[PDB]
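**Q** Here you go, target_24.pdb (PDB, N, CA and C atoms):
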```pdb
ATOM      1  N   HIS A   6      20.587  86.788 -15.015
ATOM      2  CA  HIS A   6      20.176  86.643 -13.596
ATOM      3  C   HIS A   6      19.492  85.304 -13.373
ATOM      4  N   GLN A   7      18.439  85.032 -14.140
ATOM      5  CA  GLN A   7      17.709  83.784 -13.983
ATOM      6  C   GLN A   7      18.573  82.600 -14.386
ATOM      7  N   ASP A   8      19.656  82.850 -15.098
ATOM      8  CA  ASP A   8      20.560  81.779 -15.503
ATOM      9  C   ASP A   8      21.059  80.989 -14.292
ATOM     10  N   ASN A   9      21.330  81.688 -13.203
ATOM     11  CA  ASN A   9      21.688  81.038 -11.946
ATOM     12  C   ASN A   9      20.453  80.725 -11.125
ATOM     13  N   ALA A  10      19.443  81.567 -11.265
ATOM     14  CA  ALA A  10      18.236  81.455 -10.460
ATOM     15  C   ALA A  10      17.418  80.255 -10.865
ATOM     16  N   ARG A  11      17.333  80.034 -12.172
ATOM     17  CA  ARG A  11      16.597  78.919 -12.744
ATOM     18  C   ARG A  11      16.935  77.643 -12.010
ATOM     19  N   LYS A  12      18.206  77.487 -11.729
ATOM     20  CA  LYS A  12      18.677  76.338 -11.014
ATOM     21  C   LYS A  12      18.020  76.276  -9.652
ATOM     22  N   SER A  13      18.159  77.340  -8.880
ATOM     23  CA  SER A  13      17.753  77.319  -7.487
ATOM     24  C   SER A  13      16.234  77.398  -7.333
ATOM     25  N   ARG A  14      15.613  78.340  -8.035
ATOM     26  CA  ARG A  14      14.182  78.590  -7.881
ATOM     27  C   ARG A  14      13.368  77.383  -8.306
ATOM     28  N   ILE A  15      13.868  76.653  -9.286
ATOM     29  CA  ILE A  15      13.181  75.484  -9.755
ATOM     30  C   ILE A  15      13.533  74.301  -8.887
ATOM     31  N   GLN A  16      14.825  74.173  -8.602
ATOM     32  CA  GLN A  16      15.366  73.084  -7.798
ATOM     33  C   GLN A  16      14.565  72.860  -6.527
ATOM     34  N   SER A  17      14.190  73.955  -5.866
ATOM     35  CA  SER A  17      13.427  73.875  -4.632
ATOM     36  C   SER A  17      12.183  73.028  -4.831
ATOM     37  N   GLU A  18      11.426  73.364  -5.852
ATOM     38  CA  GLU A  18      10.170  72.698  -6.114
ATOM     39  C   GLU A  18      10.354  71.462  -6.987
ATOM     40  N   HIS A  19      11.402  71.450  -7.806
ATOM     41  CA  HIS A  19      11.697  70.319  -8.680
ATOM     42  C   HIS A  19      11.649  69.027  -7.893
ATOM     43  N   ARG A  20      12.351  68.977  -6.765
ATOM     44  CA  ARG A  20      12.341  67.793  -5.905
ATOM     45  C   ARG A  20      10.909  67.436  -5.512
ATOM     46  N   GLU A  21      10.146  68.470  -5.193
ATOM     47  CA  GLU A  21       8.763  68.337  -4.753
ATOM     48  C   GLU A  21       7.909  67.669  -5.824
ATOM     49  N   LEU A  22       8.027  68.158  -7.054
ATOM     50  CA  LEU A  22       7.255  67.617  -8.172
ATOM     51  C   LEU A  22       7.550  66.145  -8.398
ATOM     52  N   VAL A  23       8.801  65.746  -8.235
ATOM     53  CA  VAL A  23       9.151  64.361  -8.430
ATOM     54  C   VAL A  23       8.742  63.537  -7.215
ATOM     55  N   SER A  24       8.821  64.150  -6.040
ATOM     56  CA  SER A  24       8.263  63.554  -4.837
ATOM     57  C   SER A  24       6.778  63.283  -5.062
ATOM     58  N   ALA A  25       6.174  64.102  -5.914
ATOM     59  CA  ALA A  25       4.776  63.931  -6.280
ATOM     60  C   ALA A  25       4.641  62.924  -7.409
ATOM     61  N   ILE A  26       5.626  62.865  -8.310
ATOM     62  CA  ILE A  26       5.603  61.876  -9.373
ATOM     63  C   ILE A  26       5.584  60.480  -8.785
ATOM     64  N   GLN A  27       6.456  60.253  -7.818
ATOM     65  CA  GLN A  27       6.544  58.966  -7.156
ATOM     66  C   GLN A  27       5.233  58.649  -6.432
ATOM     67  N   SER A  28       4.520  59.702  -6.062
ATOM     68  CA  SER A  28       3.219  59.586  -5.434
ATOM     69  C   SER A  28       2.125  59.323  -6.485
ATOM     70  N   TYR A  29       2.118  60.139  -7.541
ATOM     71  CA  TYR A  29       1.190  59.998  -8.663
ATOM     72  C   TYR A  29       1.302  58.603  -9.260
ATOM     73  N   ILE A  30       2.513  58.253  -9.650
ATOM     74  CA  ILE A  30       2.787  56.993 -10.311
ATOM     75  C   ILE A  30       2.436  55.801  -9.429
ATOM     76  N   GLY A  31       2.740  55.903  -8.141
ATOM     77  CA  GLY A  31       2.447  54.818  -7.225
ATOM     78  C   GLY A  31       0.962  54.697  -6.950
ATOM     79  N   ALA A  32       0.203  55.669  -7.437
ATOM     80  CA  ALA A  32      -1.238  55.689  -7.263
ATOM     81  C   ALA A  32      -1.953  55.321  -8.549
ATOM     82  N   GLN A  33      -1.227  55.384  -9.658
ATOM     83  CA  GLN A  33      -1.814  55.192 -10.966
ATOM     84  C   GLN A  33      -2.468  53.836 -11.143
ATOM     85  N   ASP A  34      -3.291  53.780 -12.171
ATOM     86  CA  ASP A  34      -3.893  52.552 -12.650
ATOM     87  C   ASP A  34      -2.814  51.531 -12.965
ATOM     88  N   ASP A  35      -1.710  52.049 -13.459
ATOM     89  CA  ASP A  35      -0.515  51.261 -13.723
ATOM     90  C   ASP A  35       0.714  52.121 -13.501
ATOM     91  N   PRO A  36       1.467  51.830 -12.441
ATOM     92  CA  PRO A  36       2.669  52.585 -12.073
ATOM     93  C   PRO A  36       3.837  52.271 -12.974
ATOM     94  N   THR A  37       3.689  51.206 -13.716
ATOM     95  CA  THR A  37       4.762  50.701 -14.538
ATOM     96  C   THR A  37       4.943  51.578 -15.759
ATOM     97  N   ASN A  38       3.849  52.170 -16.179
ATOM     98  CA  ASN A  38       3.841  53.074 -17.312
ATOM     99  C   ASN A  38       2.650  54.029 -17.245
ATOM    100  N   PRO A  39       2.641  54.930 -16.253
ATOM    101  CA  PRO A  39       1.608  55.964 -16.134
ATOM    102  C   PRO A  39       1.582  56.936 -17.311
ATOM    103  N   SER A  40       0.598  57.819 -17.287
ATOM    104  CA  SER A  40       0.397  58.798 -18.343
ATOM    105  C   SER A  40       1.343  59.981 -18.193
ATOM    106  N   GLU A  41       1.118  60.993 -19.012
ATOM    107  CA  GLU A  41       1.845  62.231 -18.915
ATOM    108  C   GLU A  41       1.521  62.912 -17.605
ATOM    109  N   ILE A  42       2.560  63.325 -16.922
ATOM    110  CA  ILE A  42       2.427  63.905 -15.621
ATOM    111  C   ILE A  42       2.665  65.406 -15.669
ATOM    112  N   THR A  43       1.769  66.162 -15.052
ATOM    113  CA  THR A  43       1.912  67.603 -14.998
ATOM    114  C   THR A  43       1.697  68.111 -13.598
ATOM    115  N   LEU A  44       1.975  69.378 -13.401
ATOM    116  CA  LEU A  44       1.844  69.994 -12.099
ATOM    117  C   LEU A  44       0.395  70.030 -11.678
ATOM    118  N   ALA A  45      -0.448  70.297 -12.651
ATOM    119  CA  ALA A  45      -1.875  70.362 -12.438
ATOM    120  C   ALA A  45      -2.420  68.983 -12.053
ATOM    121  N   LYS A  46      -1.697  67.941 -12.458
ATOM    122  CA  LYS A  46      -2.020  66.571 -12.101
ATOM    123  C   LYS A  46      -1.366  66.173 -10.789
ATOM    124  N   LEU A  47      -0.154  66.663 -10.582
ATOM    125  CA  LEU A  47       0.630  66.344  -9.403
ATOM    126  C   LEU A  47       0.066  67.008  -8.155
ATOM    127  N   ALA A  48      -0.843  67.956  -8.364
ATOM    128  CA  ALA A  48      -1.449  68.735  -7.283
ATOM    129  C   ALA A  48      -1.854  67.888  -6.066
ATOM    130  N   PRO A  49      -2.680  66.833  -6.244
ATOM    131  CA  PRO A  49      -3.165  66.008  -5.131
ATOM    132  C   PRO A  49      -2.059  65.187  -4.477
ATOM    133  N   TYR A  50      -0.975  65.007  -5.209
ATOM    134  CA  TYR A  50       0.118  64.146  -4.786
ATOM    135  C   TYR A  50       1.242  64.945  -4.153
ATOM    136  N   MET A  51       1.112  66.261  -4.168
ATOM    137  CA  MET A  51       2.150  67.111  -3.621
ATOM    138  C   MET A  51       2.102  67.113  -2.116
ATOM    139  N   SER A  52       3.250  66.885  -1.545
ATOM    140  CA  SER A  52       3.433  66.982  -0.104
ATOM    141  C   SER A  52       3.915  68.383   0.219
ATOM    142  N   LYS A  53       4.469  68.988  -0.810
ATOM    143  CA  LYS A  53       4.915  70.346  -0.806
ATOM    144  C   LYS A  53       3.723  71.300  -0.839
ATOM    145  N   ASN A  54       3.983  72.560  -0.493
ATOM    146  CA  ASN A  54       2.999  73.640  -0.552
ATOM    147  C   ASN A  54       2.176  73.608  -1.817
ATOM    148  N   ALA A  55       1.052  72.976  -1.683
ATOM    149  CA  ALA A  55       0.100  72.817  -2.756
ATOM    150  C   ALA A  55      -1.184  72.188  -2.240
ATOM    151  N   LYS A  56      -2.276  72.425  -2.953
ATOM    152  CA  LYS A  56      -3.571  71.887  -2.578
ATOM    153  C   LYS A  56      -4.268  71.296  -3.796
ATOM    154  N   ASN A  57      -4.689  72.165  -4.703
ATOM    155  CA  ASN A  57      -5.298  71.738  -5.947
ATOM    156  C   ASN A  57      -4.455  72.236  -7.101
ATOM    157  N   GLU A  58      -4.939  72.075  -8.321
ATOM    158  CA  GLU A  58      -4.167  72.436  -9.500
ATOM    159  C   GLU A  58      -3.873  73.935  -9.532
ATOM    160  N   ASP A  59      -4.820  74.721  -9.060
ATOM    161  CA  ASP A  59      -4.638  76.161  -8.964
ATOM    162  C   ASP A  59      -3.608  76.489  -7.892
ATOM    163  N   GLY A  60      -3.608  75.690  -6.834
ATOM    164  CA  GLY A  60      -2.692  75.904  -5.736
ATOM    165  C   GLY A  60      -1.273  75.525  -6.078
ATOM    166  N   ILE A  61      -1.094  74.309  -6.570
ATOM    167  CA  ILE A  61       0.224  73.766  -6.816
ATOM    168  C   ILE A  61       1.012  74.601  -7.801
ATOM    169  N   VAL A  62       0.434  74.786  -8.949
ATOM    170  CA  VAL A  62       1.123  75.369 -10.072
ATOM    171  C   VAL A  62       1.459  76.827  -9.809
ATOM    172  N   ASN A  63       0.540  77.526  -9.174
ATOM    173  CA  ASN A  63       0.785  78.902  -8.743
ATOM    174  C   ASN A  63       1.867  78.939  -7.657
ATOM    175  N   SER A  64       1.910  77.885  -6.848
ATOM    176  CA  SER A  64       2.900  77.744  -5.783
ATOM    177  C   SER A  64       4.256  77.299  -6.332
ATOM    178  N   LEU A  65       4.272  76.905  -7.590
ATOM    179  CA  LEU A  65       5.490  76.461  -8.250
ATOM    180  C   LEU A  65       6.088  77.545  -9.127
ATOM    181  N   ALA A  66       7.360  77.371  -9.475
ATOM    182  CA  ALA A  66       8.027  78.251 -10.424
ATOM    183  C   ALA A  66       7.210  78.428 -11.686
ATOM    184  N   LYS A  67       7.185  79.648 -12.175
ATOM    185  CA  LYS A  67       6.431  79.973 -13.362
ATOM    186  C   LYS A  67       7.375  80.420 -14.461
ATOM    187  N   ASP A  68       7.150  79.920 -15.664
ATOM    188  CA  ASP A  68       7.970  80.304 -16.802
ATOM    189  C   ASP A  68       7.393  81.576 -17.416
ATOM    190  N   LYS A  69       8.099  82.207 -18.338
ATOM    191  CA  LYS A  69       7.668  83.518 -18.802
ATOM    192  C   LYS A  69       6.639  83.446 -19.933
ATOM    193  N   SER A  70       6.935  82.689 -20.980
ATOM    194  CA  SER A  70       6.116  82.736 -22.189
ATOM    195  C   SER A  70       5.207  81.520 -22.354
ATOM    196  N   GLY A  71       5.669  80.368 -21.890
ATOM    197  CA  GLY A  71       4.955  79.133 -22.134
ATOM    198  C   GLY A  71       5.216  78.601 -23.527
ATOM    199  N   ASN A  72       6.230  79.150 -24.196
ATOM    200  CA  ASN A  72       6.503  78.810 -25.594
ATOM    201  C   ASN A  72       7.063  77.402 -25.730
ATOM    202  N   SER A  73       7.342  76.769 -24.604
ATOM    203  CA  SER A  73       7.877  75.419 -24.604
ATOM    204  C   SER A  73       6.761  74.381 -24.581
ATOM    205  N   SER A  74       5.522  74.856 -24.424
ATOM    206  CA  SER A  74       4.368  73.979 -24.259
ATOM    207  C   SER A  74       4.579  73.106 -23.023
ATOM    208  N   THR A  75       4.704  73.772 -21.887
ATOM    209  CA  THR A  75       5.109  73.135 -20.644
ATOM    210  C   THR A  75       3.962  72.341 -20.021
ATOM    211  N   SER A  76       2.759  72.513 -20.572
ATOM    212  CA  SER A  76       1.551  71.837 -20.089
ATOM    213  C   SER A  76       1.123  72.363 -18.716
ATOM    214  N   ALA A  77       2.083  72.553 -17.819
ATOM    215  CA  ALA A  77       1.802  73.135 -16.517
ATOM    216  C   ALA A  77       1.427  74.587 -16.684
ATOM    217  N   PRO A  78       0.227  74.956 -16.247
ATOM    218  CA  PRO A  78      -0.294  76.312 -16.433
ATOM    219  C   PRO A  78       0.696  77.389 -15.976
ATOM    220  N   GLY A  79       1.306  78.039 -16.958
ATOM    221  CA  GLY A  79       2.304  79.070 -16.711
ATOM    222  C   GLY A  79       3.501  78.606 -15.878
ATOM    223  N   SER A  80       3.682  77.301 -15.710
ATOM    224  CA  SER A  80       4.690  76.788 -14.785
ATOM    225  C   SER A  80       5.899  76.189 -15.471
ATOM    226  N   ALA A  81       7.013  76.298 -14.773
ATOM    227  CA  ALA A  81       8.288  75.813 -15.246
ATOM    228  C   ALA A  81       8.499  74.332 -14.952
ATOM    229  N   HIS A  82       7.485  73.509 -15.169
ATOM    230  CA  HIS A  82       7.669  72.077 -15.072
ATOM    231  C   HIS A  82       6.886  71.338 -16.153
ATOM    232  N   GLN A  83       7.595  70.507 -16.904
ATOM    233  CA  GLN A  83       6.999  69.670 -17.934
ATOM    234  C   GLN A  83       7.750  68.355 -17.991
ATOM    235  N   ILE A  84       7.048  67.277 -17.755
ATOM    236  CA  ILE A  84       7.655  65.974 -17.685
ATOM    237  C   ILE A  84       7.773  65.301 -19.053
ATOM    238  N   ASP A  85       8.898  64.621 -19.260
ATOM    239  CA  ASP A  85       9.134  63.860 -20.479
ATOM    240  C   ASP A  85       8.571  62.468 -20.325
ATOM    241  N   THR A  86       7.616  62.121 -21.150
ATOM    242  CA  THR A  86       6.970  60.837 -21.048
ATOM    243  C   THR A  86       7.709  59.763 -21.832
ATOM    244  N   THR A  87       8.463  60.189 -22.838
ATOM    245  CA  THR A  87       9.243  59.277 -23.658
ATOM    246  C   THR A  87      10.167  58.420 -22.795
ATOM    247  N   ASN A  88      10.995  59.070 -21.992
ATOM    248  CA  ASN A  88      11.900  58.357 -21.098
ATOM    249  C   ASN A  88      11.342  58.328 -19.684
ATOM    250  N   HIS A  89      10.304  59.140 -19.475
ATOM    251  CA  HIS A  89       9.607  59.244 -18.196
ATOM    252  C   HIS A  89      10.482  59.958 -17.183
ATOM    253  N   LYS A  90      10.879  61.155 -17.565
ATOM    254  CA  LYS A  90      11.731  61.998 -16.762
ATOM    255  C   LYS A  90      10.956  63.199 -16.259
ATOM    256  N   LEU A  91      11.290  63.640 -15.067
ATOM    257  CA  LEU A  91      10.701  64.839 -14.513
ATOM    258  C   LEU A  91      11.587  65.998 -14.918
ATOM    259  N   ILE A  92      11.125  66.703 -15.925
ATOM    260  CA  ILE A  92      11.783  67.872 -16.432
ATOM    261  C   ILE A  92      11.128  69.110 -15.860
ATOM    262  N   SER A  93      11.929  70.100 -15.576
ATOM    263  CA  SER A  93      11.406  71.368 -15.161
ATOM    264  C   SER A  93      11.739  72.391 -16.227
ATOM    265  N   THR A  94      10.741  72.802 -16.998
ATOM    266  CA  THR A  94      10.980  73.592 -18.190
ATOM    267  C   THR A  94      10.779  75.067 -17.924
ATOM    268  N   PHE A  95      11.858  75.809 -17.965
ATOM    269  CA  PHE A  95      11.792  77.233 -17.752
ATOM    270  C   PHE A  95      11.927  77.962 -19.051
ATOM    271  N   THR A  96      10.840  78.454 -19.589
ATOM    272  CA  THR A  96      10.929  79.245 -20.784
ATOM    273  C   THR A  96      11.296  80.685 -20.419
ATOM    274  N   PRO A  97      12.565  81.071 -20.639
ATOM    275  CA  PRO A  97      13.087  82.370 -20.219
ATOM    276  C   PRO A  97      12.436  83.536 -20.942
ATOM    277  N   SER A  98      12.636  84.720 -20.386
ATOM    278  CA  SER A  98      12.122  85.944 -20.970
ATOM    279  C   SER A  98      12.901  86.298 -22.232
ATOM    280  N   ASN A  99      14.034  85.622 -22.423
ATOM    281  CA  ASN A  99      14.876  85.844 -23.592
ATOM    282  C   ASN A  99      14.305  85.122 -24.806
ATOM    283  N   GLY A 100      13.436  84.150 -24.548
ATOM    284  CA  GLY A 100      12.873  83.347 -25.618
ATOM    285  C   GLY A 100      13.819  82.253 -26.072
ATOM    286  N   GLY A 101      14.944  82.135 -25.379
ATOM    287  CA  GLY A 101      15.937  81.133 -25.716
ATOM    288  C   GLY A 101      15.578  79.762 -25.182
ATOM    289  N   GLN A 102      16.552  78.858 -25.181
ATOM    290  CA  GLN A 102      16.343  77.502 -24.692
ATOM    291  C   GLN A 102      15.861  77.525 -23.245
ATOM    292  N   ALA A 103      14.875  76.697 -22.953
ATOM    293  CA  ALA A 103      14.333  76.613 -21.611
ATOM    294  C   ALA A 103      15.261  75.861 -20.695
ATOM    295  N   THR A 104      15.224  76.286 -19.464
ATOM    296  CA  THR A 104      16.034  75.734 -18.412
ATOM    297  C   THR A 104      15.381  74.472 -17.891
ATOM    298  N   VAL A 105      16.182  73.490 -17.496
ATOM    299  CA  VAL A 105      15.643  72.222 -17.049
ATOM    300  C   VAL A 105      16.278  71.719 -15.754
ATOM    301  N   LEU A 106      15.419  71.233 -14.867
ATOM    302  CA  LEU A 106      15.828  70.431 -13.719
ATOM    303  C   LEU A 106      15.214  69.044 -13.862
ATOM    304  N   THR A 107      16.047  68.037 -14.095
ATOM    305  CA  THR A 107      15.551  66.712 -14.452
ATOM    306  C   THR A 107      15.697  65.697 -13.321
ATOM    307  N   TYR A 108      14.736  64.795 -13.271
ATOM    308  CA  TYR A 108      14.762  63.632 -12.404
ATOM    309  C   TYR A 108      14.316  62.427 -13.219
ATOM    310  N   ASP A 109      14.901  61.273 -12.982
ATOM    311  CA  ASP A 109      14.564  60.101 -13.771
ATOM    312  C   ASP A 109      13.803  59.084 -12.932
ATOM    313  N   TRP A 110      12.567  58.808 -13.318
ATOM    314  CA  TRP A 110      11.754  57.830 -12.610
ATOM    315  C   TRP A 110      12.115  56.414 -13.051
ATOM    316  N   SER A 111      12.314  56.244 -14.345
ATOM    317  CA  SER A 111      12.609  54.932 -14.905
ATOM    318  C   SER A 111      14.103  54.659 -14.884
ATOM    319  N   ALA A 112      14.902  55.712 -14.990
ATOM    320  CA  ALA A 112      16.348  55.607 -14.899
ATOM    321  C   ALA A 112      16.880  54.504 -15.795
ATOM    322  N   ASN A 113      16.590  54.648 -17.067
ATOM    323  CA  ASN A 113      16.954  53.655 -18.061
ATOM    324  C   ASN A 113      18.430  53.778 -18.426
ATOM    325  N   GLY A 114      19.272  53.191 -17.592
ATOM    326  CA  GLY A 114      20.699  53.221 -17.823
ATOM    327  C   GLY A 114      21.467  52.664 -16.643
ATOM    328  N   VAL A 115      22.196  53.528 -15.952
ATOM    329  CA  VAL A 115      22.979  53.116 -14.800
ATOM    330  C   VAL A 115      22.434  53.794 -13.550
ATOM    331  N   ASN A 116      21.128  53.659 -13.369
ATOM    332  CA  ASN A 116      20.440  54.134 -12.178
ATOM    333  C   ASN A 116      20.666  55.635 -11.961
ATOM    334  N   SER A 117      20.792  56.368 -13.069
ATOM    335  CA  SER A 117      21.015  57.817 -13.057
ATOM    336  C   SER A 117      22.158  58.217 -12.116
ATOM    337  N   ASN A 118      23.237  57.444 -12.144
ATOM    338  CA  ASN A 118      24.414  57.746 -11.344
ATOM    339  C   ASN A 118      25.520  58.297 -12.235
TER     340      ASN A 118
END
```
Show me this structure written as structure tokens.
**A**
Amino acid sequence: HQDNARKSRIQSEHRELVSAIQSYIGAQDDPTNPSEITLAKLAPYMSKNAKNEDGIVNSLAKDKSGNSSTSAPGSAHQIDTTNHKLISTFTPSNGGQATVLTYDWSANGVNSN
């Protein structure tokens, strides 16, 4: 069920989190290479239904186990700092591979096309 849902339920907010990444990063001490970004951090930068870290993350998709170390409190979003991608990590109730909705801030290639 969540196999199809993961896409949609996360997708809704996934855009939002990256809309917040572009906000977070553009606010950072250095936008060129900001720190690890999380939902709890993206809270102030969210234009989407969110207020503080308790608000945002609870307002966002929540993963089941947290076995992926998503950093986002019980939430299905964890950003990759290596390439600087907005990943949405859904740790399923199956315990299998987590579901991802990705966005590329740095787009190290062909502009993510």
**Q** Set the distance at 8 Å and use only N, CA and C atoms: which residues neighbour residue 49 in chain A once local chain neighbours fewer than 3 positions away are removed? I'd like the list as JSON, numbers by chain.
**A** {"A": [25, 28, 29, 44, 45, 46, 52, 55, 56, 57, 58, 61]}
**Q** With N, CA and C atoms retained, write the just-selected residues as a tab-separated table (two decimals), keeping the file's coordinate frame.
**A**
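Output saved as result-v8.tsv:
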```
chain	number	residue	atom	x	y	z
A	25	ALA	N	6.17	64.10	-5.91
A	25	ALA	CA	4.78	63.93	-6.28
A	25	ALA	C	4.64	62.92	-7.41
A	28	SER	N	4.52	59.70	-6.06
A	28	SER	CA	3.22	59.59	-5.43
A	28	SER	C	2.12	59.32	-6.48
A	29	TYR	N	2.12	60.14	-7.54
A	29	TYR	CA	1.19	60.00	-8.66
A	29	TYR	C	1.30	58.60	-9.26
A	44	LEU	N	1.98	69.38	-13.40
A	44	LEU	CA	1.84	69.99	-12.10
A	44	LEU	C	0.40	70.03	-11.68
A	45	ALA	N	-0.45	70.30	-12.65
A	45	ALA	CA	-1.88	70.36	-12.44
A	45	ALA	C	-2.42	68.98	-12.05
A	46	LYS	N	-1.70	67.94	-12.46
A	46	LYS	CA	-2.02	66.57	-12.10
A	46	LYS	C	-1.37	66.17	-10.79
A	52	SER	N	3.25	66.89	-1.54
A	52	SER	CA	3.43	66.98	-0.10
A	52	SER	C	3.92	68.38	0.22
A	55	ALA	N	1.05	72.98	-1.68
A	55	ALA	CA	0.10	72.82	-2.76
A	55	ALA	C	-1.18	72.19	-2.24
A	56	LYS	N	-2.28	72.42	-2.95
A	56	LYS	CA	-3.57	71.89	-2.58
A	56	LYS	C	-4.27	71.30	-3.80
A	57	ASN	N	-4.69	72.17	-4.70
A	57	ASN	CA	-5.30	71.74	-5.95
A	57	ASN	C	-4.46	72.24	-7.10
A	58	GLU	N	-4.94	72.08	-8.32
A	58	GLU	CA	-4.17	72.44	-9.50
A	58	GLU	C	-3.87	73.94	-9.53
A	61	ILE	N	-1.09	74.31	-6.57
A	61	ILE	CA	0.22	73.77	-6.82
A	61	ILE	C	1.01	74.60	-7.80
```
**Q** Calculate how many Å separate atom N of residue 100 in chain A from atom C of residue 19 in chain A, rounding to one decimal.
**A**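 Result for atom N of residue 100 in chain A versus atom C of residue 19 in chain A: 22.6 Å, one decimal.
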**Q** To test your reading of the structure, identify every residue in range 60-118 of chain A that backbone DSSP assigns to helix (DSSP H, G or I), and report it as a list in words.
**A**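 Result set for range 60-118 of chain A (helix (DSSP H, G or I)): residues 60, 61, 62, 63 and 64 of chain A.
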**Q** Which of these, A:94, A:107, A:24, A:43, has the shortest distance to residue 78 in chain A once you count all atoms listed in the file?
**A**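 Among the listed residues, A:43 lies closest to residue 78 in chain A.
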**Q** Using the chain letters and numbers from this file, what does the PyMOL selection byres ((chain A and resi 90) around 8) select? Give the answer as a list in words.
**A**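 Written out, the selection comes to residues 83, 84, 85, 86, 87, 88, 89, 91, 92, 93, 106, 107, 108, 109, 110, 111 and 112 of chain A.
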**Q** Which residues in range 71-118 of chain A does DSSP call strand (DSSP E or B)? List them as number ranges by chain.
**A** A: 80, 85, 90-91, 95, 104, 108-109
**Q** Quick one, how far is CA of residue 53 in chain A from CA of residue 113 in chain A?
**A** 26.9 Å
**Q** Take atom C of residue 68 in chain A and atom N of residue 104 in chain A and report the distance between them in Å, one decimal.
**A** 9.7 Å
**Q** Taking the file above as input, evaluate the PyMOL selection byres ((chain A and resi 65) around 8) and report the hits as a list in words.
**A** residues 14, 15, 18, 19, 54, 55, 59, 60, 61, 62, 63, 64, 66, 67, 68, 79, 80, 81 and 82 of chain A
**Q** Of the candidates A:26, A:36, A:115, A:74, which shows the shortest atom-to-atom distance to residue 51 in chain A, using all atoms listed in the file?
**A** A:26
